[PDB]
Structure formats: structure tokens, C-alpha cells
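J.: A structural model of the following input is requested.
(one chain, ligands or ions: 1)
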Amino acid sequence: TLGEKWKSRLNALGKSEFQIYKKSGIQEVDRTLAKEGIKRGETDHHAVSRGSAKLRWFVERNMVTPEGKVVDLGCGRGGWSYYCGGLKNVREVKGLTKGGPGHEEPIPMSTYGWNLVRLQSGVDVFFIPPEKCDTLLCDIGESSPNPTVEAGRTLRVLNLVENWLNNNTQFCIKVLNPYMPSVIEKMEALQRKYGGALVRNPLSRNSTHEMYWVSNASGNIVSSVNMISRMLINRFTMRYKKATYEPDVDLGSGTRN
Ligand SMILES: Nc1ncnc2c1ncn2[C@@H]1O[C@H](CSCC[C@H](N)C(=O)O)[C@@H](O)[C@H]1O
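T.: Residues are numbered from 1 along each chain as shown. I have put the structure below:
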């Protein structure tokens with residue numbers, strides 16, 4: 001497929017060439033100071049990761065309207081959870097991850113609405129009973145040189161999420177590899193059953209073909225992905241181009257009643 005061609009080409013790049021391509025013409029969050037602040041123990045204002053700004057991109061465009069009880073599957077440090085904790089119609093946020101050595105452990109913060117957020121690692125979302133929620137978030141998906149490996153991992157995530165959804169469910173779910181036939185088929189059925197569409201976030205690096213399945217979006221799946229495969233391929237042709245930066249998000253401080 002067109003995406004697989006992109007994948008072959010990506011795997012043939014040298015080290016230096018990869019790092020450059022990875023950032024060419026993408027959008028980037030200015031994280032220097034937020035990171036230095038967290039390192040000094042600062043728990044107010046800062047986003048634990050660039051995932052906050054990433055999720056904000058979708059939310060400010062109403063592609064996902066987090067509300068009620070939010071479940072963040074694979075929350076990592078908590079970037080997505082903490083951001084939702086400060087959102088108007090959100091009442092509760094539950095984030096889950098593996099954590100442990102060689103894995104991202106959630107960081108305790110005092111950002112706005114932190115008291116509405118509960119994080120816990122040592123949990124493998126794939127084998128715990130599904131819970132009820134109003135919005136389901138999931139940013140799971142480890143990339144690999146081999147697209148068939150990504151296809152399976154992706155299909156696992158899609159089936160995992162299919163269990164946590166009902167209808168009225170707001171959702172933003174990462175789809176690591178959306179171009180492999182197997183994943184495309186699944187997405188067509190899921191779209192057919194739960195709506196929404198796939199969207200490319202300008203903050204995603206060129207090194208990944210990741211797209212997110214957002215509930216409040218529309219668009220033909222096959223058409224979605226290809227449009228993006230062509231983009232990523234075109235970006236290979238770029239010379240001496242870097243990312244455009246933007247200020248990170250300020251998450252406030254304070255509790256919510
Ligand atoms: N089976 C599983 N169960 C729980 N967590 C998992 C998992 N597989 C992967 N993960 C976690 O999924 C996380 C995805 S990266 C998290 C980004 C987060 N949205 C943020 O903005 O900070 C990784 O940290 C990984 O540790």
C-alpha cells in the first residue's frame with residue numbers, strides 16, 4: 001500500500017537523515033522551561049509531557065469533548081489526564097498505565113483540577129475488566145520497523161477500546177498504524193458502529209504514520225489515511241526544514257469543587 005511504501009522508505013534512511021526528516025515541517029511545543037521546572041519539583045502550571053498540548057489540539061477543535069468521567073488508557077506521566085482535569089464539563093479522570101522500570105511513571109502534580117485526577121500504574125489495561133465512562137481516551141501503540149507488528153499492536157488497541165465504548169462516548173484513540181489493510185478494515189467497521197473519523201495531528205512527528213480516531217470528526221477512512229501517506233512521502237523531499245515551535249500549555253494550579 002501507499003503507506004507501506006512510505007514505511008520502506010523510512011526504514012532506509014540513515015541516522016542523521018532520520019532525525020531531520022522526523023521534524024521537517026511539523027509543529028513543535030516549546031517545552032524547555034516547563035521541563036526544567038518539573039525537574040526542580042514544581043507541580044503548578046506545567047504539563048507533564050507534550051501530550052497535553054497534543055490532546056489540546058483535538059479538544060480546542062471539538063474533535064473530542066471530554067466530559068463526565070474520563071478514562072485515560074495508558075496515561076503514562078499523565079499528560080492527557082491532567083489536561084482533562086481542568087476542562088469545564090469533566091467531573092472525574094482515571095488514568096491507567098504499566099509504569100515500572102523502563103516505563104513512564106505518573107508524576108504527581110498540583111495543576112488545575114488535579115484533585116479530580118487519579119493515576120495508577122502497574123496496570124495492564126488489556127487484561128482488566130472494562131469500566132463505564134463518558135469519554136474514553138487511549139494513546140497506546142509502540143512503533144516498530146516492521147509494519148505487520150504495528151498492525152497487530154494497533155488491532156489489539158482497537159479491540160480493547162471497542163469493549164470500553166457504548167454510544168454517547170466521547171473518544172480520542174491513537175491508531176498507530178492506520179494504513180495496513182487489516183487495520184483499515186477494522187476501522188471501517190468501528191467507524192460504521194461508533195462514528196467519528198481518523199485525524200492527523202500536526203504535532204505528530206513525520207517518523208510515525210499515527211492518526212487518532214476522534215468521535216466528533218467525519219471522513220472516509222481509506223481516503224483519510226492515503227491523504228496522510230502522501231503528505232509524509234512529500235515531506236521526504238524537504239531540504240533544510242525544521243519544525244515550527246509554539247508555546248506549551250499552562251495547566252493552572254488549584255483544586256476544583
Ligand atoms: N498494556 C498497557 N497497559 C497500560 N499501559 C500501557 C500498556 N501498554 C503501553 N502502556 C503505556 O501507554 C503509554 C502511552 S504514551 C502516554 C502519553 C500520554 N497521553 C501523555 O500525554 O503523557 C506508555 O507510557 C506505556 O507505558
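
J.: show me where this structure has its strands.
T.: Assigned by DSSP state E, the chain shows strands spanning 27-30, 68-73, 90-96, 117-120, 135-138, 170-175, 197-199, 211-214, 244-247.

J.: which one of the ones you listed lies closest to the ligand?
T.: Nearest to the ligand among the strands of the chain is strand 90-96 (5.7 Å), distances taken as Cβ to the nearest ligand atom. Using the backbone N, CA and C atoms, a C-beta is placed for each residue, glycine as well.

J.: the closest one pairs with which strands, parallel or anti?
T.: strand 68-73 (parallel), strand 117-120 (parallel) (DSSP bridges).

J.: now tabulate those in TSV and tack on distance to residue 12.
T.: As requested, the strands paired with strand 90-96 are exported to TSV (distance: least, Cβ to Cβ, whole Å):
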stretch	distance to residue 12
strand 68-73	34
strand 117-120	40
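
J.: quick check: which of those is buried the most?
T.: strand 68-73 (a mean of 24; mean count of other Cβ atoms under 10 Å).

J.: near the ligand, anything from that one?
T.: No - using Cβ under 6 Å from any ligand atom, strand 68-73 stays clear of the ligand, with a minimum separation of 6.8 Å.

J.: that strand vs strand 170-175, what angle?
T.: Regarding strand 68-73 and strand 170-175, their directions subtend 10 degrees when assessed with axes from the mean of the first three to the mean of the last three Cα atoms, to 10 degrees.

J.: what about the nearest residue to residue 243 once chain neighbours are set aside, neighbour count?
T.: Nearest residue to residue 243 in three dimensions, chain neighbours excluded: residue 28, at 3.9 Å (Cβ to Cβ, 6 or more residues apart in numbering). Counted with other Cβ atoms under 10 Å, residues neighbouring residue 28 total 16.

J.: tell me what residue 28 is bridged to.
T.: residue 245.

J.: okay, the strands of the chain in a markdown table with distance to residue 182 next?
T.: As requested, these are exported to a markdown table (distance: least, Cβ to Cβ, whole Å):
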| stretch | distance to residue 182 |
| --- | --- |
| strand 27-30 | 30 |
| strand 68-73 | 21 |
| strand 90-96 | 26 |
| strand 117-120 | 32 |
| strand 135-138 | 19 |
| strand 170-175 | 12 |
| strand 197-199 | 15 |
| strand 211-214 | 15 |
| strand 244-247 | 35 |
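
J.: can you give me how far stretch 107-120 is from the chain middle?
T.: Relative to its parent chain, stretch 107-120 has a centroid offset of 19 Å by Cα atoms, centre = their mean, to the nearest Å.

J.: buried ones in it?
T.: For stretch 107-120, a neighbour-count test (16 or more other Cβ atoms under 10 Å) marks 107, 109, 110, 111, 112, 113, 114, 116, 117, 119 as buried.

J.: pretty sure the last one contacts residue 78?
T.: This means residue 119. Yes - taking Cβ atoms under 8 Å as the definition, residue 119 is a contact partner of residue 78 at 5.3 Å.

J.: so who does whichever residue of the chain sits closest to the ligand touch?
T.: Closest residue of the chain to the ligand, Cβ to the nearest ligand atom: residue 51 (1.5 Å). By Cβ atoms under 8 Å, 6 or more residues apart in numbering, residue 51 lies in contact with 76, 77, 79, 80, 83, 139.

J.: can you tell me, leaving aside adjacent residues, what's nearest to the last one?
T.: With Cβ to Cβ, 6+ apart as the criterion, residue 139 has its nearest non-adjacent residue at 4.8 Å, and that residue is residue 174.

J.: identify the bridge partners of that neighbour.
T.: Where residue 174 sits in a bridge, its partners, by DSSP bridges, are residue 212.

J.: which residues touch it?
T.: Counting by Cβ under 8 Å, 6+ apart, residue 174 makes contact with 138, 139, 140, 141, 157, 210, 212, 213.

J.: ok, and which of those residues reach the ligand?
T.: When Cβ under 6 Å from any ligand atom is applied, the members of the contacts of residue 174 adjacent to the ligand are 139, 140.

J.: closest to residue 102 out of the contacts of residue 174?
T.: residue 140 (16.1 Å; Cβ to Cβ).
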